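Trainee: To kick things off, part of the complex as it is:
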Amino acid sequence: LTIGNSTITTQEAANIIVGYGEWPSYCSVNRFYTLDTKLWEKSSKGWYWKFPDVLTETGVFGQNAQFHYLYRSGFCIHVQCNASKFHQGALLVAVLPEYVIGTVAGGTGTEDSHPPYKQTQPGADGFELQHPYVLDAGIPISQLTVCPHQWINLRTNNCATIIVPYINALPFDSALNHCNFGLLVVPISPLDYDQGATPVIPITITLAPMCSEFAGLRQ
Amino acid sequence: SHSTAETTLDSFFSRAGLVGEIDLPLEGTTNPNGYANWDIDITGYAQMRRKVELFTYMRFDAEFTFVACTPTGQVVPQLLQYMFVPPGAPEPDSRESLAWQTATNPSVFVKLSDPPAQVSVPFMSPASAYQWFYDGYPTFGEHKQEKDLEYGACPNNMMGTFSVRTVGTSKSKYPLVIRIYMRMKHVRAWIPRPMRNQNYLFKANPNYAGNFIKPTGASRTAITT
């Protein structure tokens, strides 16, 4: 499962958390996806990601998933945050189903045309929340915990896992046509550290879907 | 509790209230053609709208009633029409339109002197459940660059249309004021969604404005009681 010399050092003591006590379902695999490391700063406000459209560029099978229409898999999402024993900080990880991105309509006139392609495409790196209190969507940040989530504390843990099945708007679902979900990471208490210490906190997220489907049609 | 009937989701949604307000004056400019139309906009009223975003996937039916009254509240001998317009069917365009006599469009003859009549419509959504948020494009067509005629009225979300007309070649003699009420019998939701609390800017689009207010600011300081 190595691409030449890709044998990373991984943790063996993950904290197993189940989602609703329900494992995923059948039709209605060992490749571990790797994303670029995220830097957490004192003034940082949190990030967000959109799947599966942005996911089709980081994964080895994700790159091929650009051409795959349907999905049939179970999601084991691993979020990893390594830090020293004398660092301070707190992070929240959660999944918001049907997470509609809130566009911002400023200016003197409160009216805008169809959403611009610049806002729709933040890239494969991810984007920053303009006003993270409302998740840039007018949705209060106080209420995220009703949805599945996990508490990450530097003094307590260094990793977490989330397992979620496929929930879609229709019994017959399209992954390349309908946006499924997204991940939200936001700091609650700003990170603090002593003067001269390491000011960058690494963040890595790992997921391992099973497989997708090609589909196809002709006239 | 033991008597939890009044606390269920049905009871949490069991209330008939104001939904529509359409006026048909004898003479004016709001409707100089003798008829009007109303689109079902539950999201129009922030009172009933704020309830639904508590969940994302939901199913509900409805029943509708009509009341005819003068500005003073008198009763006059005339009849008014009501019909449900499915998304496929075309809306009326004139008072003498051919759509009034269409057989496939259900319509009822009602005398307003009779105390108000009420009708209900069952589940018309082609999908399994309603979705108040469609994470994608408003149009279901294959084109993503033009201003399609199907924009705004997509078959996957729209739930019908109503029209009102006074039938009769002889001219109507009385002014009309019409009020509309609706209520649900069966309501069922699946997944909760965090509640929408901040101020709204548009009538049906969750876009918001840059002036930030907080829901509460009563408490001054932590030390203060």
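Mentor: It's in. Numbers count the residues shown, from 1 in each chain, chains lettered A, B, ... in the order given.
Trainee: Please, where are all the strands along chain A?
Mentor: A:38-40, A:47-51, A:70-72, A:75-80, A:90-95, A:127-128, A:149-153, A:159-164, A:181-187, A:201-207, A:211-213 (DSSP state E).
Trainee: Now do the same contact list for the spatially most central residue of chain B.
Mentor: The centroid of chain B falls nearest to residue B:40 when counting by CA atoms, centre = their mean (2.6 Å). Neighbouring residues of residue B:40 by CB atoms under 8 Å, 6 or more residues apart in numbering or on different chains: B:19, B:159, B:160, B:161, B:162. C-beta: built from backbone N, CA, C; applies to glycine.
Trainee: who touches the third one in this structure?
Mentor: Spelled out, that is residue B:160. B:40, B:84, B:85, B:86, B:87, B:121, B:124.
Trainee: mind checking how far it is from residue B:36?
Mentor: Using CB to CB, to the nearest Å, we find residue B:160 at a distance of 16 Å from residue B:36.
Trainee: what kind of secondary structure is the spatially closest residue to residue B:33 that is not a sequence neighbour in?
Mentor: The shortest distance from residue B:33 to any non-neighbouring residue, by CB to CB, 6 or more residues apart in numbering or on different chains, is to residue B:95 (5.5 Å). Using DSSP: H, G, I helix; E, B strand; the rest coil, the structure places residue B:95 in coil.
Trainee: now residue B:95: how far from residue B:163?
Mentor: 11 Å.
Trainee: what touches both of the two?
Mentor: Contacts common to residue B:95 and residue B:163, judged by CB under 8 Å, 6+ apart, are residue B:35.
Trainee: okay, the two: which has more neighbours?
Mentor: Comparing residue B:95 with residue B:163 by neighbour count (other CB atoms under 10 Å in any protein chain shown), the higher total belongs to residue B:163, at 20 against 12.
Trainee: mind adding chain C? sequence follows:
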Amino acid sequence: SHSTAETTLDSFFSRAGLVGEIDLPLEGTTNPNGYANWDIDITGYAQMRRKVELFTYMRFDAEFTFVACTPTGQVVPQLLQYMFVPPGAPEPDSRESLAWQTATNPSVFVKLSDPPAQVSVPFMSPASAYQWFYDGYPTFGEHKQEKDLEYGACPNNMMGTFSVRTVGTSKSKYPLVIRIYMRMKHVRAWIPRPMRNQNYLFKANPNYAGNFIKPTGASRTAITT
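Mentor: Below is chain C, added to the chains above:
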């Protein structure tokens, strides 16, 4: 499908729509005698007509209703009459005709202030099933050269006649506008017939005109998408 009730032939014919339109103005020339008549012409409206030729042999019942209204749509204190005329019975000829008081002709006294009443007629055809096309002579008589009095109204196909009258020696004081609706309860067909698609020329005779149009011409060429 599993819920195929809405897709059956009954549902394919389950709709009440416009069938008849007869006006009785207070003064005019359309009916200067105070009464009118209506023959049941389902083939008159191409909407409902085009449905029936999909089959050749068919059986159907019907129910009928009446609505009385002013040109403005007001309600007035008067009564109107409706009676079914079997083919054997004679039609009324004058307002003071003796046919109104005939006992064998069923008639009903109705107040129009009462919300509209509806009546139904069962299977009156002497034959086993209706035939919209009679491959022969319109008359059932033994003569095939003259203009017989039975031409047009043959006992094998006609399904009745209605008449309208306002009873009372005192003169009527109000104008009348009358609208007629019909619907079927039991419908049953045996043999399909190819659908009639091209333009119609006559109101009840399938003869057509020499100017040929095609039902569709949207597609330009085979190579063109």
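Trainee: what are the phi and psi angles of the residue nearest to the centre of chain B?
Mentor: phi -70, psi 100 (degrees, to the nearest 10).
Trainee: same deal with the one 10 residues further on?
Mentor: In this entry, residue B:50 is assigned phi and psi values of phi -60, psi -30 (degrees, to the nearest 10).
Trainee: Distance check, the residue nearest to the centre of chain B against residue B:157.
Mentor: For residue B:40, the distance to residue B:157 - CB to CB - is 11 Å.
Trainee: so who does residue 179 touch?
Mentor: Just going to use chain A. The contact partners of residue A:179, taken as CB under 8 Å, 6+ apart, are A:50, A:51, A:53, A:99, B:135, B:136.
Trainee: please go with chain B instead
Mentor: If a contact means CB under 8 Å, 6+ apart, then residue B:179 has B:18, B:20, B:21, B:66, B:67, B:69 as its contacts.
Trainee: can you check residue B:66 too?
Mentor: B:80, B:82, B:110, B:116, B:117, B:118, B:178, B:179, B:180.
Trainee: Beta-bridge partners for it, please?
Mentor: residue B:180 (DSSP bridges).
Trainee: if I look at it, how far off is chain A?
Mentor: Distance of residue B:66 to chain A, computed by CB to the nearest CB, to the nearest Å: 33 Å.
Trainee: And for residue B:129?
Mentor: For residue B:129 relative to chain A (CB to the nearest CB), the value is 8 Å.
Trainee: And the residue nearest the centre of chain A, how far from residue C:128?
Mentor: Among the residues of chain A, the one closest to the centroid is residue A:183, at 3.3 Å (CA atoms, centre = their mean). Going from residue A:183 to residue C:128 by CB to CB gives 72 Å.
Trainee: Further, place chain D onto the existing structure:
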Amino acid sequence: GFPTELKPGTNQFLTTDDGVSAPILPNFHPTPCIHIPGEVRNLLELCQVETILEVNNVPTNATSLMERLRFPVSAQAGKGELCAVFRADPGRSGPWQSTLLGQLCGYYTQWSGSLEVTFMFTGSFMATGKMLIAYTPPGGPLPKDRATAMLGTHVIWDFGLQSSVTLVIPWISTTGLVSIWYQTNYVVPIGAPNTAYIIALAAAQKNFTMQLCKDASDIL
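Mentor: The block that follows adds chain D to the chains above:
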């Protein structure tokens, strides 16, 4: 008289009602029902019958309608595209409003299921050649040549069989495209006609059905 008050809305008159009325003739006896060889049950079995389909629509003259319903084939054209049937959507205008299936679906709003088509060839007994049937799924771009279409679900025509060639669409619900391409050149023996004409048939599968009625009428 008996103590009970009906809720308001007693005399509402809607067409959908399942109401029964007193007969105008309470003493007439209906004619006995007979057995007729013809019989109709639903709209599904009527959709299960085969009917012809049309492709070419170039000429419009009154004495020229017949060459519309069929499309020609010639040996000069080779390694290319002969005819491209329009987008697969029976309700809308295009190919299918000519046949019975689309017109009956015209009285309905939405439908779902699977569709199948069969093809018949009208060449000479001494003729031979190769033909290709191309189907592309919705969403995918337009086909370029025989190679691109061959990647997807395609049907290859053999002239060892007369009309055994048939296609089945697994699902239809923006619209799919089907086209015909020249896999090889058309070869004909000497002393035989140099061209032929092609016809096709279509029908509906078992799982095809409609959901909601529509008030649609065009003429008159």
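Trainee: ok, back up a step: hang on, isn't the residue nearest to the centre of chain A packed against residue A:51?
Mentor: Yes - contact criterion CB atoms under 8 Å: residue A:183 and residue A:51 qualify, at 7.5 Å.
Trainee: where do the contact lists of the two overlap?
Mentor: Residues touching both residue A:183 and residue A:51 (CB under 8 Å, 6+ apart): there are none.
Trainee: Compute the number of surrounding residues for residue D:173.
Mentor: Neighbours of residue D:173 under the rule other CB under 10 Å: 12.
Trainee: what do you get for the one 5 residues further on?
Mentor: Per other CB under 10 Å, the neighbour tally for residue D:178 reads 24.
Trainee: residues in contact with it?
Mentor: Counted by CB under 8 Å, 6+ apart, residue D:178 has contacts A:218, A:219, D:84, D:85, D:88, D:133, D:134, D:135, D:136, D:167.
Trainee: host element of residue B:64?
Mentor: Secondary structure assignment for residue B:64, by DSSP states H and E: strand B:62-69.
Trainee: Return the residues in contact with residue 87.
Mentor: In the absence of a named chain, this looks at chain A. Applying CB under 8 Å, 6+ apart to residue A:87 gives the contacts A:154, A:191, A:193, A:197, A:198, A:201.
Trainee: looking at chain D here, not the other one
Mentor: Residue D:87 sits in contact with A:219, C:225, D:94, D:175, D:176, D:177, where contact means CB under 8 Å, 6+ apart.
Trainee: Look up the residues forming beta bridges with the last one.
Mentor: This means residue D:177. Beta-bridge partners for residue D:177, by DSSP bridges, are residue D:136.
Trainee: Now for it, how many residues are close by?
Mentor: The local packing of residue D:177 (other CB under 10 Å) involves 23 other residues.
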